[PDB]
Number of protein chains: 2
Amino acid sequence: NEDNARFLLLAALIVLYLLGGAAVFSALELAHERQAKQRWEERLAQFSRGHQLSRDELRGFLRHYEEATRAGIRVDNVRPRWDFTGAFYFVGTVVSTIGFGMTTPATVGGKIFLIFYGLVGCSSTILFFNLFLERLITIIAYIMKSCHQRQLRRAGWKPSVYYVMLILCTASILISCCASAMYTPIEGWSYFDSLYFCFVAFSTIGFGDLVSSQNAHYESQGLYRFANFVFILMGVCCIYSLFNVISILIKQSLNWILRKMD
Amino acid sequence: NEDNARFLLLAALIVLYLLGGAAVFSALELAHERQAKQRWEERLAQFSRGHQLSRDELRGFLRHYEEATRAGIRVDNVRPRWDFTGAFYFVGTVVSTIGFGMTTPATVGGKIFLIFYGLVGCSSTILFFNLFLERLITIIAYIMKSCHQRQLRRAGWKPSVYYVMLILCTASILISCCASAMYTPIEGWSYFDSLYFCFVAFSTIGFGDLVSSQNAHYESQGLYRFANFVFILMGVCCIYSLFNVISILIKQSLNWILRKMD
Ligand SMILES: CCCCC/C=C\C/C=C\CCCCCCCC(=O)O
Ligand SMILES: CCCCC/C=C\C/C=C\CCCCCCCC(=O)O
Ligand SMILES: CCCCCCCCCCCCCCCC
Ligand SMILES: CCCCCCCCCCCCCCCC
Ligand SMILES: CCCCCCCCCCCC
Ligand SMILES: CCCCCCCCCCCC
Ligand SMILES: CCCCCCCCCCCC
Ligand SMILES: CCCCCCCCCCCC
Ligand SMILES: CCCCCCCCCCCC
Ligand SMILES: CCCCCCCCCCCC
Ligand SMILES: CCCCCCCCCCCC
Ligand SMILES: CCCCCCCCCCCC
Ligand SMILES: CCCCCCCC
Ligand SMILES: CCCCCCCC
Ligand SMILES: CCCCCCCC
Ligand SMILES: CCCCCCCC
Ligand SMILES: CCCCCCCC
Ligand SMILES: CCCCCCCC
Ligand SMILES: CCCCCCCC
Ligand SMILES: CCCCCCCC
Ligand SMILES: CCCCCCCC
Ligand SMILES: CCCCCCCC
Ligand SMILES: CCCCCCCC
Ligand SMILES: CCCCCCCC
Ligand SMILES: CCCCCC
Ligand SMILES: CCCCCC
Ligand SMILES: CCCCCC
Ligand SMILES: CCCCCC
Ligand SMILES: [K+]
Ligand SMILES: [K+]
Ligand SMILES: [K+]
């Protein structure tokens, strides 16, 4: 009867959290959305007025452009899709459940293989993340034991959850700052935009509004892709570990509050 | 020393998997990509020649349209963003790490709150999924024990991993088929497109090329959103449980492989 109570309490808390978040976000974003819409309307009217065009023809032109931009065409020069490197970056995004959305399958037969490939790969990636977390905890315990032994001359040493959480937070902040050190001069962006992209990518959310390393020319274009791969991998591992630790702490807190409720 | 060997073997297998998948996907998609690009080029040339326009002006027009479409502006009459319900949809996609990408924050201040909200919510969602899996296993065990007891008259009854995997696969297939029964008449899609969307959404990949329930008018429009919410929640739970079970099986197989090798 305890487990059912815990499940119900968690569900209710999540629902309240969602309602509050929606209430805040609407008030934060509505006015900017409306201003952008009116700006686009005025620009469209000016363009349709200067060149004495019609209104339906521009609609057909824009529909064709939407189809083209879905295929992969963009106004600025971009790297081609579906080449060996582009396919490598697509499968890398697929197996980690990021899914930026800049490259998607378009033919029948290219979708079934996607289903089977993802089904077999996502489980392996999850197993890899779990093994990484176990190794990190073990090495932390060994380092702490060795440090204590060395300080004395002046297994059962596993650290608690709080210290693991602090270490993970510090590592994630350092990795994000180091990654945002680049991406600023290579691609024109603000530092805060780089941090926002790093958080969106590392948490495996992947909105797709900002995607890195596609400009059809990146000077060296060599070690840059390797660095991007390394940074994304490390960030994803650290963030997933942090989420698991936070979940453990939340479960302990729920246990306490339900014991208190009597 | 065994754990390090397991880690290294898993990493090597994942790398080989990625290379093979990239090769296959490129070989399947390159020609279609090239044909689409050529078609768009021909259409643009025809339009430019017909209306005696220049080439840079159309580029500026398309850049303005890209900026407008980065906001909540589409071609075929979509629902407004950030009113109250768009925010609810957005936060629902955020906390489940789907990230479709149809709605993104645009103002500074709306991004920091996103960071904190996601950091606190993703852990709770993961905990909810784990608790659901535990409850499902317990109820399966109870049902099996009760059925055996009833058949006889004509705790320690934990089912094995294989039966849990089979049950999860059957439930996921049934849920996906029932969901794809809808979305076919309400929105104009093929049945296979509905299945593809269901798999992409349930696995928390979320490419964003197909997003449901946005046309600014959906007849009843009251029960449709509730049904969409229920279906997505159930599918995500089932798929995550299946991924965890398959990961356990893969770990067992790796242990056997290491044991056999000397
Ligand atoms: C050697 C470690 C093996 C473990 C691999 C596991 C998971 C892969 C996860 C994430 C890879 C991120 C994809 C980015 C690819 C960019 C490549 C490019 O810019 O072209
Ligand atoms: C009562 C259940 C509590 C658990 C909730 C946990 C996680 C939420 C997960 C997924 C929600 C899917 C997106 C919702 C779509 C909005 C519907 C609409 O407006 O069209
Ligand atoms: C451990 C091996 C990982 C594989 C990393 C390969 C990524 C691709 C390398 C980048 C190749 C770009 C083409 C070179 C152009 C100079
Ligand atoms: C347990 C309650 C969770 C469901 C919360 C409400 C679902 C989303 C709102 C339903 C759609 C209302 C639109 C009304 C327009 C006719
Ligand atoms: C005894 C019944 C109490 C538990 C019911 C929980 C309802 C949550 C349903 C949504 C989970 C998919
Ligand atoms: C959905 C997330 C809600 C946050 C759960 C934490 C509960 C805080 C109580 C702490 C008491 C010690
Ligand atoms: C995410 C939890 C925060 C809850 C606070 C929401 C109440 C304020 C909403 C009204 C703003 C005008
Ligand atoms: C002028 C562009 C130089 C690009 C430098 C990137 C090299 C990073 C390699 C480090 C890998 C972790
Ligand atoms: C004995 C050395 C074990 C180190 C194994 C390397 C595994 C790849 C490192 C990248 C994972 C984040
Ligand atoms: C990385 C995905 C491939 C994992 C393959 C699993 C091992 C199969 C051999 C076990 C058969 C008994
Ligand atoms: C997922 C791994 C499947 C095996 C890949 C074989 C690669 C064949 C290349 C086909 C080129 C025509
Ligand atoms: C033409 C009217 C279509 C509306 C049907 C939606 C009913 C879904 C209810 C199912 C609840 C799980
Ligand atoms: C804390 C929950 C707030 C209730 C939602 C507000 C609806 C306008
Ligand atoms: C955490 C509550 C912040 C709400 C302020 C809304 C800004 C207008
Ligand atoms: C042309 C169809 C081939 C797709 C591969 C078959 C799925 C395993
Ligand atoms: C000019 C770019 C250099 C960025 C620093 C390298 C990453 C540590
Ligand atoms: C003007 C942008 C400042 C953002 C500061 C918040 C960083 C956590
Ligand atoms: C120019 C390609 C550099 C790639 C480095 C690979 C070393 C593991
Ligand atoms: C199984 C790995 C095959 C590697 C394919 C690379 C072809 C250029
Ligand atoms: C499973 C391998 C099939 C790849 C060859 C089909 C594409 C021509
Ligand atoms: C249009 C308002 C939606 C109903 C509010 C939900 C409160 C349970
Ligand atoms: C500009 C208002 C920012 C409010 C959110 C700050 C994060 C707690
Ligand atoms: C054109 C029909 C597609 C058949 C795919 C079968 C899905 C498993
Ligand atoms: C018209 C709204 C009906 C859906 C709400 C049902 C409450 C469980
Ligand atoms: C074009 C890149 C070749 C990759 C070999 C590892
Ligand atoms: C023992 C290997 C540790 C791996 C790198 C974090
Ligand atoms: C005991 C509750 C089971 C929940 C519904 C799958
Ligand atoms: C149960 C789905 C019925 C289909 C609605 C037309
Ligand atoms: K995602
Ligand atoms: K996306
Ligand atoms: K995800």
# chains A, B, ... in the order shown; residues from 1 in each chain; ligands from 1
>>> closest_atom_pairs(of="chain B", to="ligand 22", cutoff="9 Å", atoms="only C-alpha atoms and all ligand atoms", output="JSON lines")
{"residue": "B:108", "atom": "CA", "partner": "ligand 22", "partner_atom_place_in_ligand_line": "1 (C)", "distance": 7.2}
{"residue": "B:109", "atom": "CA", "partner": "ligand 22", "partner_atom_place_in_ligand_line": "1 (C)", "distance": 4.5}
{"residue": "B:110", "atom": "CA", "partner": "ligand 22", "partner_atom_place_in_ligand_line": "3 (C)", "distance": 7.1}
{"residue": "B:111", "atom": "CA", "partner": "ligand 22", "partner_atom_place_in_ligand_line": "5 (C)", "distance": 8.5}
{"residue": "B:112", "atom": "CA", "partner": "ligand 22", "partner_atom_place_in_ligand_line": "7 (C)", "distance": 5.7}
{"residue": "B:113", "atom": "CA", "partner": "ligand 22", "partner_atom_place_in_ligand_line": "7 (C)", "distance": 4.8}
{"residue": "B:114", "atom": "CA", "partner": "ligand 22", "partner_atom_place_in_ligand_line": "7 (C)", "distance": 8.5}
{"residue": "B:115", "atom": "CA", "partner": "ligand 22", "partner_atom_place_in_ligand_line": "7 (C)", "distance": 8.8}
{"residue": "B:116", "atom": "CA", "partner": "ligand 22", "partner_atom_place_in_ligand_line": "7 (C)", "distance": 7.3}
>>> residues_around(residues="stretch 93-104 of chain A", least_positions_apart="6", cutoff="9 Å", atoms="only C-alpha atoms", output="VMD selection string")
(chain A and resid 70 to 72 81 to 82 86 to 87 114 117 to 126 201 to 211 236) or (chain B and resid 18 97 to 101 203 to 209)
>>> write_last_selection(atoms="N, CA and C atoms", output="tab-separated table (two decimals), in the first residue's frame")
chain	number	residue	atom	x	y	z
A	70	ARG	N	12.54	21.25	-46.67
A	70	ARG	CA	12.38	19.96	-46.01
A	70	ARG	C	13.35	18.95	-46.62
A	71	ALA	N	13.56	19.05	-47.94
A	71	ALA	CA	14.51	18.16	-48.60
A	71	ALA	C	15.93	18.40	-48.12
A	72	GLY	N	16.28	19.64	-47.81
A	72	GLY	CA	17.61	19.95	-47.31
A	72	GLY	C	18.22	21.23	-47.85
A	81	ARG	N	23.64	16.61	-47.30
A	81	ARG	CA	23.10	15.53	-46.50
A	81	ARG	C	23.38	14.18	-47.16
A	82	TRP	N	23.14	13.11	-46.38
A	82	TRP	CA	23.20	11.73	-46.94
A	82	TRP	C	24.55	11.36	-47.54
A	86	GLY	N	27.69	12.93	-43.29
A	86	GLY	CA	26.36	13.31	-42.87
A	86	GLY	C	25.58	12.13	-42.31
A	87	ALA	N	25.72	10.96	-42.93
A	87	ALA	CA	25.08	9.76	-42.40
A	87	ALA	C	25.65	9.37	-41.05
A	114	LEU	N	15.46	2.39	-40.11
A	114	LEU	CA	15.59	3.29	-38.97
A	114	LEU	C	14.97	2.67	-37.72
A	117	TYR	N	17.28	-0.26	-36.53
A	117	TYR	CA	18.56	0.26	-36.08
A	117	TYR	C	18.43	0.95	-34.73
A	118	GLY	N	17.43	1.82	-34.58
A	118	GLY	CA	17.24	2.49	-33.31
A	118	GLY	C	16.87	1.53	-32.20
A	119	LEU	N	16.01	0.56	-32.49
A	119	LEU	CA	15.61	-0.40	-31.47
A	119	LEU	C	16.80	-1.17	-30.94
A	120	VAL	N	17.75	-1.52	-31.81
A	120	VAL	CA	18.90	-2.27	-31.31
A	120	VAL	C	19.95	-1.34	-30.69
A	121	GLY	N	20.05	-0.09	-31.12
A	121	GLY	CA	21.11	0.78	-30.65
A	121	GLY	C	20.86	1.55	-29.36
A	122	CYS	N	19.60	1.95	-29.13
A	122	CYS	CA	19.31	2.75	-27.95
A	122	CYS	C	19.57	1.97	-26.66
A	123	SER	N	19.24	0.68	-26.66
A	123	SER	CA	19.51	-0.15	-25.48
A	123	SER	C	21.00	-0.23	-25.19
A	124	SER	N	21.81	-0.41	-26.23
A	124	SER	CA	23.25	-0.48	-26.04
A	124	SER	C	23.79	0.84	-25.49
A	125	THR	N	23.28	1.96	-25.99
A	125	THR	CA	23.74	3.25	-25.47
A	125	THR	C	23.37	3.42	-24.00
A	126	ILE	N	22.16	3.01	-23.62
A	126	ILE	CA	21.76	3.10	-22.21
A	126	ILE	C	22.66	2.24	-21.34
A	201	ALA	N	21.58	20.28	-25.95
A	201	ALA	CA	22.13	19.07	-26.56
A	201	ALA	C	22.49	18.02	-25.52
A	202	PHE	N	23.11	18.43	-24.41
A	202	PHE	CA	23.59	17.46	-23.44
A	202	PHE	C	22.45	16.71	-22.77
A	203	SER	N	21.33	17.40	-22.51
A	203	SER	CA	20.19	16.78	-21.85
A	203	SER	C	19.39	15.88	-22.78
A	204	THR	N	19.84	15.69	-24.01
A	204	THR	CA	19.15	14.86	-25.00
A	204	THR	C	17.73	15.37	-25.28
A	205	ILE	N	17.53	16.68	-25.18
A	205	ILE	CA	16.26	17.27	-25.62
A	205	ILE	C	16.29	17.53	-27.12
A	206	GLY	N	17.24	18.34	-27.57
A	206	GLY	CA	17.47	18.54	-28.99
A	206	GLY	C	16.34	19.24	-29.72
A	207	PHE	N	16.12	20.52	-29.42
A	207	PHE	CA	15.09	21.27	-30.12
A	207	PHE	C	15.40	21.36	-31.61
A	208	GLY	N	16.65	21.65	-31.96
A	208	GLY	CA	17.06	21.77	-33.34
A	208	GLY	C	17.16	23.18	-33.87
A	209	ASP	N	16.86	24.19	-33.05
A	209	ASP	CA	16.99	25.57	-33.51
A	209	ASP	C	18.45	25.96	-33.71
A	210	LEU	N	19.35	25.43	-32.89
A	210	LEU	CA	20.78	25.63	-33.04
A	210	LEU	C	21.46	24.28	-33.21
A	211	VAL	N	22.10	24.08	-34.35
A	211	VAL	CA	22.85	22.86	-34.64
A	211	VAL	C	24.25	23.27	-35.07
A	236	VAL	N	26.87	14.43	-22.60
A	236	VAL	CA	25.71	13.57	-22.46
A	236	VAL	C	25.90	12.60	-21.29
B	18	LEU	N	27.90	1.87	-35.53
B	18	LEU	CA	27.71	3.20	-36.11
B	18	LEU	C	28.23	3.26	-37.54
B	97	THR	N	11.73	14.79	-22.49
B	97	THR	CA	12.90	14.75	-23.37
B	97	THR	C	12.55	14.28	-24.78
B	98	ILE	N	11.41	14.74	-25.29
B	98	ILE	CA	11.05	14.49	-26.69
B	98	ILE	C	11.63	15.63	-27.52
B	99	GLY	N	11.25	16.86	-27.20
B	99	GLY	CA	11.81	18.01	-27.89
B	99	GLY	C	11.44	18.24	-29.34
B	100	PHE	N	10.17	18.06	-29.71
B	100	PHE	CA	9.80	18.07	-31.13
B	100	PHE	C	10.44	19.25	-31.86
B	101	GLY	N	10.42	20.43	-31.25
B	101	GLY	CA	11.04	21.60	-31.82
B	101	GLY	C	10.11	22.55	-32.53
B	203	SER	N	9.82	6.62	-28.70
B	203	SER	CA	11.20	6.38	-28.32
B	203	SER	C	11.90	7.63	-27.82
B	204	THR	N	11.19	8.75	-27.70
B	204	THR	CA	11.76	10.02	-27.26
B	204	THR	C	12.88	10.50	-28.17
B	205	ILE	N	12.81	10.16	-29.45
B	205	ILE	CA	13.74	10.74	-30.42
B	205	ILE	C	13.24	12.10	-30.88
B	206	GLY	N	12.04	12.15	-31.45
B	206	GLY	CA	11.40	13.40	-31.78
B	206	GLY	C	12.09	14.21	-32.86
B	207	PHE	N	12.08	13.70	-34.09
B	207	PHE	CA	12.69	14.45	-35.19
B	207	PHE	C	11.97	15.78	-35.41
B	208	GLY	N	10.64	15.77	-35.39
B	208	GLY	CA	9.86	16.97	-35.59
B	208	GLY	C	9.30	17.15	-36.98
B	209	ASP	N	9.58	16.23	-37.90
B	209	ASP	CA	9.03	16.35	-39.25
B	209	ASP	C	7.53	16.09	-39.27
>>> residues_around(residues="stretch 149-162 of chain B", least_positions_apart="6", cutoff="8 Å", atoms="only C-alpha atoms", output="list in words")
residues 137, 138, 140, 141, 142, 245 and 249 of chain B
>>> write_last_selection(atoms="N, CA, C and O atoms", output="tab-separated table (two decimals), in the first residue's frame")
chain	number	residue	atom	x	y	z
B	137	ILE	N	6.00	-5.13	-13.15
B	137	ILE	CA	6.58	-6.43	-12.85
B	137	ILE	C	5.84	-7.09	-11.69
B	137	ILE	O	5.52	-8.29	-11.72
B	138	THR	N	5.54	-6.31	-10.64
B	138	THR	CA	4.84	-6.88	-9.49
B	138	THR	C	3.46	-7.41	-9.88
B	138	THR	O	3.07	-8.50	-9.46
B	140	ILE	N	2.43	-8.37	-12.83
B	140	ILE	CA	2.59	-9.57	-13.66
B	140	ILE	C	2.82	-10.79	-12.78
B	140	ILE	O	2.23	-11.85	-12.99
B	141	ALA	N	3.70	-10.64	-11.79
B	141	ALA	CA	3.98	-11.76	-10.89
B	141	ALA	C	2.72	-12.19	-10.14
B	141	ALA	O	2.44	-13.39	-10.02
B	142	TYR	N	1.95	-11.23	-9.65
B	142	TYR	CA	0.73	-11.57	-8.92
B	142	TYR	C	-0.26	-12.29	-9.82
B	142	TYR	O	-0.88	-13.28	-9.41
B	245	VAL	N	14.77	-3.53	-20.53
B	245	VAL	CA	14.85	-4.99	-20.52
B	245	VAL	C	15.86	-5.48	-21.56
B	245	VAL	O	16.67	-6.39	-21.29
B	249	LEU	N	19.35	-7.82	-21.17
B	249	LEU	CA	19.70	-8.99	-21.97
B	249	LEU	C	21.05	-8.83	-22.65
B	249	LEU	O	21.86	-9.77	-22.70
>>> residues_near_ligand(ligand="ligand 24", cutoff="7 Å", atoms="only C-alpha atoms and all ligand atoms", output="list in words")
residues 222, 223 and 226 of chain B
>>> closest_atom_pairs(of="chain B", to="ligand 26", cutoff="10 Å", atoms="only C-alpha atoms and all ligand atoms", output="JSON lines")
{"residue": "B:1", "atom": "CA", "partner": "ligand 26", "partner_atom_place_in_ligand_line": "1 (C)", "distance": 9.8}
{"residue": "B:3", "atom": "CA", "partner": "ligand 26", "partner_atom_place_in_ligand_line": "1 (C)", "distance": 9.1}
{"residue": "B:4", "atom": "CA", "partner": "ligand 26", "partner_atom_place_in_ligand_line": "1 (C)", "distance": 7.0}
{"residue": "B:7", "atom": "CA", "partner": "ligand 26", "partner_atom_place_in_ligand_line": "2 (C)", "distance": 8.9}
{"residue": "B:8", "atom": "CA", "partner": "ligand 26", "partner_atom_place_in_ligand_line": "2 (C)", "distance": 9.8}
>>> residues_around(residues="residue B:31", least_positions_apart="5", cutoff="12 Å", atoms="only C-alpha atoms", output="number ranges by chain")
A: 71, 81-83, 106-107; B: 25-26, 36-38
